[PDB]
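With the deposited numbering applied, the sequence shown covers 1 to 33. Ideal Cβ positions, reconstructed from N, Cα and C, are used throughout, including at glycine. Structure, as structure tokens:
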Amino acid sequence: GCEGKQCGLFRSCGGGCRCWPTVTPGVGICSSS
């Protein structure tokens with residue numbers, strides 16, 4: 001639903017998205033749900 005986005009501090013997603021962390025501490029990616 002809101003996948004392919006960046007989460008964490010600069011979260012470009014909202015609602016029901018999984019915030020999977022990346023290589024940068026505090027930076028992640030928003031998943032489908």
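- Judged by DSSP in its simplified three-state form, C19 adopts strand.
- Spanning the alpha carbons of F10 and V27 requires a straight line of approximately 8 Å.
- About 17 Å separates the CB atoms of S33 and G8; that is not less than 8 Å, and the two are not in contact.
- For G28, the pairing in a beta bridge is given by DSSP as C7 and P21.
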